[PDB]
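File shown: input09.tsv (TSV, C-alpha atoms).
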```
chain	number	residue	atom	x	y	z
A	578	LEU	CA	151.81	66.30	102.19
A	579	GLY	CA	148.87	65.83	99.84
A	580	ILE	CA	147.60	68.02	97.04
A	581	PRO	CA	146.21	71.59	97.28
A	582	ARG	CA	142.51	71.21	97.85
A	583	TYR	CA	142.10	74.92	98.53
A	584	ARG	CA	143.01	77.85	96.36
A	585	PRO	CA	146.29	79.74	96.86
A	586	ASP	CA	146.71	83.19	98.31
A	587	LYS	CA	143.54	84.38	96.75
A	588	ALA	CA	144.36	85.85	93.34
A	589	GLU	CA	142.72	83.03	91.33
A	590	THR	CA	139.20	82.96	92.86
A	591	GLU	CA	137.06	82.96	89.67
A	592	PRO	CA	134.92	86.17	89.46
A	593	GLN	CA	131.47	84.85	90.52
A	594	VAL	CA	128.65	85.31	87.98
A	595	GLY	CA	126.23	85.99	90.81
A	596	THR	CA	127.89	84.55	93.90
A	597	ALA	CA	128.98	86.96	96.61
A	598	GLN	CA	131.63	86.03	99.16
A	599	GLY	CA	130.16	87.03	102.52
A	600	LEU	CA	131.67	87.19	105.98
A	601	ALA	CA	131.06	84.62	108.67
A	602	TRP	CA	131.03	85.42	112.33
A	603	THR	CA	129.92	82.08	113.49
A	604	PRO	CA	130.16	79.48	116.23
A	605	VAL	CA	131.53	77.10	113.61
A	606	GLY	CA	134.42	79.36	112.68
A	607	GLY	CA	134.92	82.44	110.59
A	608	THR	CA	134.86	81.69	106.89
A	609	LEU	CA	133.25	82.82	103.70
A	610	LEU	CA	129.56	82.13	103.25
A	611	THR	CA	129.22	82.34	99.51
A	612	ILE	CA	125.54	82.97	98.84
A	613	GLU	CA	124.38	81.83	95.44
A	614	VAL	CA	121.20	82.78	93.58
A	615	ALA	CA	119.46	80.92	90.78
A	616	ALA	CA	118.74	83.60	88.19
A	617	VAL	CA	115.64	81.83	86.94
A	618	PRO	CA	112.86	83.23	84.69
A	619	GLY	CA	109.43	82.98	86.26
A	620	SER	CA	106.53	85.15	87.43
A	621	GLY	CA	108.25	87.08	90.15
A	622	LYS	CA	108.66	85.01	93.30
A	623	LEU	CA	111.72	85.42	95.50
A	624	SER	CA	112.24	82.57	97.93
A	625	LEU	CA	115.02	81.82	100.37
A	626	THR	CA	116.32	78.51	101.65
A	627	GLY	CA	119.33	77.19	103.47
A	628	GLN	CA	118.31	76.63	107.15
A	629	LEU	CA	118.05	80.38	107.39
A	630	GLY	CA	116.46	82.69	109.93
A	631	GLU	CA	114.23	85.64	109.16
A	632	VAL	CA	116.67	88.50	109.71
A	633	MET	CA	118.62	87.17	106.74
A	634	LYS	CA	115.39	87.47	104.72
A	635	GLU	CA	114.71	91.01	105.92
A	636	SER	CA	118.26	92.06	105.03
A	637	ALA	CA	117.69	90.48	101.62
A	638	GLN	CA	114.53	92.50	100.98
A	639	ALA	CA	116.26	95.60	102.36
A	640	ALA	CA	118.82	95.07	99.65
A	641	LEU	CA	115.90	94.35	97.29
A	642	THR	CA	114.17	97.69	97.95
A	643	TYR	CA	117.57	99.32	97.48
A	644	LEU	CA	117.84	97.38	94.21
A	645	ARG	CA	114.43	98.44	92.93
A	646	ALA	CA	115.28	102.05	93.73
A	647	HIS	CA	118.27	101.51	91.37
A	648	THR	CA	116.82	99.60	88.42
A	649	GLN	CA	118.18	102.12	85.93
A	650	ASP	CA	121.37	102.44	88.00
A	651	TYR	CA	122.35	98.81	87.33
A	652	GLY	CA	121.47	96.08	84.85
A	653	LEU	CA	117.95	95.59	86.15
A	654	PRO	CA	114.97	96.15	83.81
A	655	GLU	CA	112.28	98.78	84.32
A	656	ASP	CA	110.05	96.35	86.31
A	657	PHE	CA	111.83	93.15	87.35
A	658	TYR	CA	109.78	92.42	90.48
A	659	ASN	CA	106.90	90.74	88.65
A	660	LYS	CA	108.83	88.85	85.93
A	661	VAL	CA	111.89	87.06	87.40
A	662	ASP	CA	112.31	84.48	90.16
A	663	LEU	CA	115.26	84.38	92.54
A	664	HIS	CA	115.79	81.26	94.60
A	665	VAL	CA	118.31	82.49	97.13
A	666	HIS	CA	120.06	79.69	98.96
A	667	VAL	CA	122.56	80.30	101.75
A	668	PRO	CA	125.16	77.60	102.60
A	669	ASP	CA	125.07	77.84	106.39
A	670	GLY	CA	122.28	79.75	108.06
A	671	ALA	CA	121.15	77.86	111.17
A	672	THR	CA	122.93	80.33	113.38
A	673	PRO	CA	121.59	82.48	116.22
A	674	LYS	CA	124.78	84.54	116.01
A	675	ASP	CA	124.13	85.30	112.36
A	676	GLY	CA	121.74	88.17	112.21
A	677	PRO	CA	121.19	90.25	109.11
A	678	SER	CA	124.92	90.73	108.55
A	679	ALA	CA	125.08	89.93	104.85
A	680	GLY	CA	122.34	92.05	103.27
A	681	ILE	CA	125.04	93.90	101.40
A	682	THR	CA	126.45	90.48	100.52
A	683	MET	CA	122.86	89.72	99.47
A	684	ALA	CA	122.90	92.96	97.47
A	685	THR	CA	126.09	92.11	95.61
A	686	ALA	CA	124.70	88.64	94.99
A	687	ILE	CA	121.32	89.81	93.65
A	688	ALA	CA	122.68	92.67	91.53
A	689	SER	CA	125.47	90.52	90.17
A	690	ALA	CA	123.03	87.73	89.30
A	691	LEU	CA	120.29	89.91	87.81
A	692	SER	CA	122.86	92.11	86.09
A	693	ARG	CA	124.61	88.85	84.99
A	694	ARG	CA	127.87	90.60	85.95
A	695	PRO	CA	130.68	89.24	88.15
A	696	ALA	CA	130.29	89.60	91.87
A	697	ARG	CA	133.80	90.10	93.07
A	698	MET	CA	136.27	87.58	94.20
A	699	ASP	CA	137.80	88.49	97.54
A	700	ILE	CA	135.96	91.31	99.21
A	701	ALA	CA	134.93	89.65	102.49
A	702	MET	CA	132.40	92.02	103.94
A	703	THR	CA	129.60	92.40	106.45
A	704	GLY	CA	127.04	94.80	107.88
A	705	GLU	CA	123.41	95.20	108.89
A	706	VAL	CA	121.34	97.41	106.59
A	707	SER	CA	118.38	99.77	106.65
A	708	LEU	CA	115.38	99.30	104.37
A	709	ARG	CA	115.89	102.61	102.58
A	710	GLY	CA	119.53	101.69	102.13
A	711	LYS	CA	121.70	103.14	104.84
A	712	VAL	CA	124.32	100.68	106.00
A	713	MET	CA	123.54	100.40	109.68
A	714	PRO	CA	126.26	99.92	112.29
A	715	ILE	CA	127.14	96.52	113.68
A	716	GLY	CA	128.88	95.35	116.77
A	717	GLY	CA	131.24	92.40	116.82
A	718	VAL	CA	133.34	93.93	114.04
A	719	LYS	CA	136.28	92.05	115.59
A	720	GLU	CA	135.23	88.54	114.43
A	721	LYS	CA	134.04	89.79	111.03
B	650	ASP	CA	96.63	119.12	100.87
B	651	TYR	CA	100.15	117.90	101.70
B	652	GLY	CA	101.51	118.11	98.15
B	653	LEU	CA	101.09	114.43	97.34
B	654	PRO	CA	101.01	112.80	93.92
B	655	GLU	CA	97.36	111.79	93.86
B	656	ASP	CA	98.27	108.46	92.21
B	657	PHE	CA	100.30	106.85	95.02
B	658	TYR	CA	98.27	103.81	96.13
B	659	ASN	CA	97.58	102.45	92.62
B	660	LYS	CA	100.95	102.38	90.80
B	661	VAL	CA	103.50	103.08	93.57
B	662	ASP	CA	104.79	100.14	95.58
B	663	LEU	CA	105.96	100.81	99.12
B	664	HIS	CA	107.90	98.58	101.48
B	665	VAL	CA	107.75	98.87	105.25
B	666	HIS	CA	109.98	97.41	107.94
B	667	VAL	CA	110.16	98.12	111.64
B	668	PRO	CA	112.93	96.71	113.90
B	669	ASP	CA	110.31	95.41	116.35
B	670	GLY	CA	106.85	93.81	116.44
B	671	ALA	CA	108.29	90.43	117.31
B	672	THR	CA	108.74	92.14	120.66
B	673	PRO	CA	105.40	91.92	122.57
B	674	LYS	CA	103.84	95.22	121.68
B	675	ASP	CA	101.36	97.15	123.80
B	676	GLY	CA	98.81	98.01	121.16
B	677	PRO	CA	99.42	100.76	118.63
B	678	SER	CA	101.94	103.35	119.70
B	679	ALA	CA	103.65	104.33	116.41
B	680	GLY	CA	100.78	104.80	113.96
B	681	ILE	CA	101.54	108.51	113.72
B	682	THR	CA	105.17	107.48	113.24
B	683	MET	CA	104.11	105.34	110.31
B	684	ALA	CA	101.89	108.20	109.09
B	685	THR	CA	104.72	110.74	109.02
B	686	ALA	CA	107.18	108.09	107.77
B	687	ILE	CA	105.07	107.08	104.76
B	688	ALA	CA	104.13	110.71	104.01
B	689	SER	CA	107.84	111.55	104.20
B	690	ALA	CA	108.64	108.70	101.81
B	691	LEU	CA	105.84	109.37	99.29
B	692	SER	CA	107.20	112.79	98.29
B	693	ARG	CA	111.00	112.28	98.77
B	694	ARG	CA	110.88	114.61	101.75
B	695	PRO	CA	112.75	114.36	105.09
B	696	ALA	CA	110.97	114.47	108.43
B	697	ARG	CA	112.11	116.75	111.23
B	698	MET	CA	115.28	116.68	113.27
B	699	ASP	CA	115.69	114.90	116.67
B	700	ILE	CA	111.97	114.68	117.59
B	701	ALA	CA	110.37	111.76	119.46
B	702	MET	CA	106.68	110.77	119.28
B	703	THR	CA	104.10	108.04	119.83
B	704	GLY	CA	100.38	107.74	119.09
B	705	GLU	CA	97.53	106.28	117.06
B	706	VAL	CA	95.83	107.28	113.78
B	707	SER	CA	92.06	107.05	113.40
B	708	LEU	CA	90.14	106.67	110.13
B	709	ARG	CA	89.07	110.32	109.93
B	710	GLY	CA	92.44	111.85	110.79
B	711	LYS	CA	92.21	112.31	114.56
B	712	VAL	CA	94.99	111.19	116.89
B	713	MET	CA	93.47	108.57	119.17
B	714	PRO	CA	95.02	108.31	122.66
B	715	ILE	CA	97.26	105.48	123.80
B	716	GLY	CA	97.81	104.27	127.33
B	717	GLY	CA	100.73	104.35	129.75
B	718	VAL	CA	102.65	107.19	128.12
B	719	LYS	CA	104.84	107.61	131.21
B	720	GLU	CA	107.07	104.85	129.79
B	721	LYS	CA	107.59	106.35	126.35
```
Representation of the structure as structure tokens:
Amino acid sequence: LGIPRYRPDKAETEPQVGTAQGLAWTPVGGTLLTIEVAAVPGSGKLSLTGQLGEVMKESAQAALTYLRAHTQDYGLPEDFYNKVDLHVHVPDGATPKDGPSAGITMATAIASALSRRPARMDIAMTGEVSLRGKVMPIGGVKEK
Amino acid sequence: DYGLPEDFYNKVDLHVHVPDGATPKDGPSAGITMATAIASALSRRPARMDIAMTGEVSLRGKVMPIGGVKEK
């Protein structure tokens, strides 16, 4: 047959500088939704794109409040909220299935990008979050 | 009078989410819930255990009534 377009049994996936590898529980098929973030220097905006619904935003700021409670606990500065911009695109977000299931995937993405440290290859993970940080339960753990 | 740091609205950010509101909501019915929640957050202090509630907060500090409390 033709050439390997995909990676092997995943032991080569390059550690992602800021890109998490999130779960997909989708009409289109289960996959990875690798959310990438432009670690860009600005004056503190944080915008989200990628045909995405609002529960994905609210999971992202739930991870963000958890991040800003842990600025000294990771590579974040003392006050990052007013100094750095984070364009947060998601590859496939026009999904009424997909609720806020990747806020921890958001969290790994944002802390890996702001920390400039590798978000891991090959931990495909999911779960709805609280604001204060408690990983809320989810149903549909089957498809995830 | 409740042990607060008196500098809490000038240098302390605070982020609020509720899992509803996009639901059609019959006026205020969790203002006291937000009162105890924010007061619980602003001193790193847990609220009480397995206790339900609903109500409204006035400007002075009086609990205003809310209607149709048979439902809640």
With 10 Å as the limit and counting all atoms listed in the file, what residues in chain A lie close to chain B? Please list them as a JSON list (two decimals) with C-alpha atoms, in the frame of the given file.
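Listing of part_11.json after writing:
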```json
[["chain", "number", "residue", "atom", "x", "y", "z"],
["A", 632, "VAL", "CA", 116.67, 88.50, 109.71],
["A", 635, "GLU", "CA", 114.71, 91.01, 105.92],
["A", 638, "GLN", "CA", 114.53, 92.50, 100.98],
["A", 639, "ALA", "CA", 116.26, 95.60, 102.36],
["A", 641, "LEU", "CA", 115.90, 94.35, 97.29],
["A", 642, "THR", "CA", 114.17, 97.69, 97.95],
["A", 707, "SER", "CA", 118.38, 99.77, 106.65],
["A", 708, "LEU", "CA", 115.38, 99.30, 104.37],
["A", 709, "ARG", "CA", 115.89, 102.61, 102.58]]
```
Next on the checklist: Counting only C-alpha atoms, which residues have an atom no more than 10 Å from (101.8, 108.6, 125.2) in the file's coordinates? Please list them as a PyMOL selection string.
Outcome noted: chain B and resi 678-679+702-705+714-721
Checklist entry - To one decimal place, how far is CA of residue 704 in chain A from CA of residue 690 in chain A in Å? => result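 The value is 20.3 Å.
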Next on the checklist: Give me the residues near residue 640 in chain A as number ranges by chain, where near means some atom within 9 Å (using only C-alpha atoms) and where sequence neighbours in that chain fewer than 6 positions away do not count.
Outcome noted: A: 680-685, 687, 706-710
Store the residues picked out above in a file with C-alpha atoms, as a compact mmCIF listing (two decimals), in the frame of the given file.
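Okay, out_25.txt is ready:
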```txt
# COMPACT_ATOMS: atom_id res chain seq x y z
CA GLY A 680 122.34 92.05 103.27
CA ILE A 681 125.04 93.90 101.40
CA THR A 682 126.45 90.48 100.52
CA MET A 683 122.86 89.72 99.47
CA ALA A 684 122.90 92.96 97.47
CA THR A 685 126.09 92.11 95.61
CA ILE A 687 121.32 89.81 93.65
CA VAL A 706 121.34 97.41 106.59
CA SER A 707 118.38 99.77 106.65
CA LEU A 708 115.38 99.30 104.37
CA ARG A 709 115.89 102.61 102.58
CA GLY A 710 119.53 101.69 102.13
```
Item to check | Spatial neighbours of residue 654 in chain B, 12 Å, only C-alpha atoms, chain gap at least 2 places, as JSON, numbers by chain | outcome: {"B": [650, 651, 652, 656, 657, 658, 659, 660, 661, 688, 690, 691, 692, 693]}
Item to check | Residue contacts of residue 599 in chain A (8 Å, all atoms listed in the file) excluding same-chain residues fewer than 6 positions away, as a ChimeraX atom specification | outcome: /A:609-612,679,682,700-703
Next on the checklist: What does the structure give for the distance between CA of residue 709 in chain B and CA of residue 670 in chain B, in Å to one decimal?
Outcome noted: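 Result for CA of residue 709 in chain B versus CA of residue 670 in chain B: 25.1 Å, one decimal.
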Checklist entry - How many Å lie between CA of residue 672 in chain A and CA of residue 596 in chain A, rounded to one decimal? => result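 CA of residue 596 in chain A lies 20.5 Å from CA of residue 672 in chain A.
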Checklist outcome for this item: Shortest contact to residue 644 in chain A, candidates A:698, A:657, A:719, A:578, atoms counted all atoms listed in the file, goes to A:657
Checklist entry - If I put a ball of radius 12 Å at (139.1, 88.8, 116.1) in the file's coordinates, which residues poke into it when counting only C-alpha atoms, written as a PyMOL selection string? => result chain A and resi 601-603+606-607+717-721
Could you write range 682-716 of chain B as a CSV table (one decimal), keeping the file's coordinate frame, with N, CA and C atoms rebuilt where they are missing?
```
chain,number,residue,atom,x,y,z
B,682,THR,N,103.8,107.6,113.8
B,682,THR,CA,105.2,107.5,113.2
B,682,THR,C,105.2,106.9,111.8
B,683,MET,N,104.3,105.9,111.6
B,683,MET,CA,104.1,105.3,110.3
B,683,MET,C,103.4,106.3,109.4
B,684,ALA,N,102.5,107.2,109.9
B,684,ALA,CA,101.9,108.2,109.1
B,684,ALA,C,102.9,109.2,108.5
B,685,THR,N,103.7,109.8,109.4
B,685,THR,CA,104.7,110.7,109.0
B,685,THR,C,105.8,110.1,108.2
B,686,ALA,N,106.1,108.8,108.5
B,686,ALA,CA,107.2,108.1,107.8
B,686,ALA,C,106.8,107.8,106.3
B,687,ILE,N,105.5,107.4,106.1
B,687,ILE,CA,105.1,107.1,104.8
B,687,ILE,C,104.8,108.4,104.0
B,688,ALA,N,104.3,109.4,104.7
B,688,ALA,CA,104.1,110.7,104.0
B,688,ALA,C,105.5,111.3,103.7
B,689,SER,N,106.5,111.1,104.5
B,689,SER,CA,107.8,111.6,104.2
B,689,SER,C,108.4,110.8,103.0
B,690,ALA,N,108.1,109.5,102.9
B,690,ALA,CA,108.6,108.7,101.8
B,690,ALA,C,107.9,109.0,100.5
B,691,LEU,N,106.6,109.3,100.5
B,691,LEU,CA,105.8,109.4,99.3
B,691,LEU,C,106.0,110.7,98.6
B,692,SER,N,106.9,111.6,99.0
B,692,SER,CA,107.2,112.8,98.3
B,692,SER,C,108.7,113.1,98.3
B,693,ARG,N,109.5,112.1,98.7
B,693,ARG,CA,111.0,112.3,98.8
B,693,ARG,C,111.4,113.5,99.7
B,694,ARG,N,110.9,113.4,100.9
B,694,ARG,CA,110.9,114.6,101.8
B,694,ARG,C,111.3,114.2,103.2
B,695,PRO,N,112.3,114.8,103.7
B,695,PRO,CA,112.8,114.4,105.1
B,695,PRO,C,111.8,114.8,106.2
B,696,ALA,N,111.7,114.0,107.2
B,696,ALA,CA,111.0,114.5,108.4
B,696,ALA,C,111.9,115.4,109.3
B,697,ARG,N,111.4,115.8,110.4
B,697,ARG,CA,112.1,116.8,111.2
B,697,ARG,C,113.2,116.1,112.1
B,698,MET,N,113.9,117.0,112.8
B,698,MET,CA,115.3,116.7,113.3
B,698,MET,C,115.2,116.5,114.8
B,699,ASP,N,115.6,115.3,115.2
B,699,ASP,CA,115.7,114.9,116.7
B,699,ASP,C,114.4,115.1,117.4
B,700,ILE,N,113.3,114.5,117.0
B,700,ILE,CA,112.0,114.7,117.6
B,700,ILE,C,111.3,113.3,117.8
B,701,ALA,N,111.0,113.0,119.1
B,701,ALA,CA,110.4,111.8,119.5
B,701,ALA,C,108.9,111.9,119.5
B,702,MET,N,108.1,110.8,119.4
B,702,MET,CA,106.7,110.8,119.3
B,702,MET,C,106.1,109.4,119.4
B,703,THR,N,104.8,109.3,119.7
B,703,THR,CA,104.1,108.0,119.8
B,703,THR,C,102.6,108.4,119.7
B,704,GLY,N,101.8,107.5,119.2
B,704,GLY,CA,100.4,107.7,119.1
B,704,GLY,C,99.7,106.7,118.2
B,705,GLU,N,98.4,107.1,117.9
B,705,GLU,CA,97.5,106.3,117.1
B,705,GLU,C,96.8,107.2,116.0
B,706,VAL,N,96.5,106.6,114.9
B,706,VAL,CA,95.8,107.3,113.8
B,706,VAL,C,94.4,106.7,113.6
B,707,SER,N,93.4,107.5,113.7
B,707,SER,CA,92.1,107.0,113.4
B,707,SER,C,91.8,107.1,111.9
B,708,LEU,N,90.6,106.7,111.5
B,708,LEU,CA,90.1,106.7,110.1
B,708,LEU,C,90.0,108.1,109.6
B,709,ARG,N,89.4,109.0,110.4
B,709,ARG,CA,89.1,110.3,109.9
B,709,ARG,C,90.3,111.2,109.8
B,710,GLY,N,91.3,111.0,110.7
B,710,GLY,CA,92.4,111.8,110.8
B,710,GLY,C,92.6,112.5,112.1
B,711,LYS,N,92.1,111.9,113.2
B,711,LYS,CA,92.2,112.3,114.6
B,711,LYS,C,93.2,111.4,115.3
B,712,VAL,N,94.0,112.0,116.1
B,712,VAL,CA,95.0,111.2,116.9
B,712,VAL,C,94.3,110.6,118.1
B,713,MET,N,94.0,109.3,118.0
B,713,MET,CA,93.5,108.6,119.2
B,713,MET,C,94.5,108.4,120.3
B,714,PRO,N,94.1,108.5,121.6
B,714,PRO,CA,95.0,108.3,122.7
B,714,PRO,C,95.5,106.9,122.8
B,715,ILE,N,96.7,106.8,123.5
B,715,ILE,CA,97.3,105.5,123.8
B,715,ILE,C,97.7,105.5,125.3
B,716,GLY,N,97.7,104.3,125.9
B,716,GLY,CA,97.8,104.3,127.3
B,716,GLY,C,99.3,104.2,127.8
```
